[PDB]
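Next up is one chain by itself, shown in structure tokens, the form deposited in one PDB entry.
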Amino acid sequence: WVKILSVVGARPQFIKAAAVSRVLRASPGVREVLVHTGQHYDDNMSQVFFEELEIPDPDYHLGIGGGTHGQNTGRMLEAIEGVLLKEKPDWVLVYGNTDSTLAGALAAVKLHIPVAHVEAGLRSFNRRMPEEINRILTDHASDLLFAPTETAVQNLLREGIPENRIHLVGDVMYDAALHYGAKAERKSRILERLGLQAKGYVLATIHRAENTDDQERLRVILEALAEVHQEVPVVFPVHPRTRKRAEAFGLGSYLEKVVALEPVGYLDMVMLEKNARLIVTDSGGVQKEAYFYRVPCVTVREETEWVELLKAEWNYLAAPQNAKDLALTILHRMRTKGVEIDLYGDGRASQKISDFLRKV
């Protein structure tokens, strides 16, 4: 009998936790407690993932969201701690690299509760980025580090973290892709409702703060996607912050010139990803998923944490400096492909994690 308490806050964490929860569910002598920090609150950012991915209802929802870093983090720290004091888990699992992730780790470590980091050791090497700080501080607060890549392992060793607390387990998001592919296949009619042809479109997601808070970068991107749309339709589930920023800066018309959508659930997303001729993104999960389905990817950033995708030629960096340049880069890359290679493990990262926990 071991109690594993998972802290999730964001869309990409709900998806990671869905792979790990399934395994821990069906593990003998494990009880899972699941805390939702409230970081993502809208149904199309949260509840749709609990439904379609068959994720047990949270034991707690802390309903903390939409504030500053200080506010969100500070309140998550107090609220999570209150729950940890009540539930007394053997392990706390935190996922990815949001304020939720860091609050979870920090609440736990002060209570002497072992912390494991699912997706550990990724580095952008840009310490100005809030997500890089969250990655570093979470890894340094954690007791176990579940690395998805060799790079991530080397990143952790370089910062003095001992071999014996690092387990290279692959990526749980590959697990989720594998497990949920069939259900996506039978439930999603998004190509239908969108009148899209398999391989008859490009899929875009953009929501990095460094791309959306900056008017000139955001303009370069929305201009580039509208141009690209002249040649091949662009489907664009628009993050809510991205949509806020584009409206605020007067760039809302570029959204009208492509096939812009509200955020979609995981099953639609899998189907849009699978059937895309090419994926343009600044998302971590989406750039790996592009590779899952062997769709060429362009990453609209100056760097990625997922360097093996660049080495394998499945992914290509295009910083948003020039709208025409960005447009051509996207159009050129859609008739490329990368090498045959298996990354991210066998789709059993979650049971490797289960195993290492109930042992350690």
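When you see a residue number, it is the position in the sequence shown, counting from 1.
- Mean CA temperature factor is higher for 198-206 when stretches 283-291 and 198-206 are set side by side in the entry.
- Per-stretch averaging of Cα B factors for 7-15 and 339-347 places 339-347 on top.
- The residue among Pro89, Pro162, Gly250, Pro237 whose C-alpha atom has the highest B-factor in the PDB entry is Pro162.
- The PDB entry gives the largest Cα B-factor of the residues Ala26, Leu328, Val298, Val35 to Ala26.
- In the PDB entry, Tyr316 places in the lowest third of its chain by CA B-factor.
- Ranked against the other modelled residues of its chain, the C-alpha B-factor of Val169 as given in the entry falls in the middle third.
- Ranked by C-alpha B-factor against the other modelled residues of its chain, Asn211 falls in the lowest third.
- Per the PDB record, residue ranking by Cα B-factor puts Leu62 in the middle third of the chain.
- Placement of the Cα temperature factor of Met129 within the chain: middle third of the modelled residues, per the deposited record.
The discussion below concerns the form deposited in another entry, not included here.
- Of the candidates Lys199, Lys311, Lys183, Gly252, only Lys183 lies at a hinge (point where C-alphas switch from fitting one rigid part better to fitting the other better) between this form and the one not shown.
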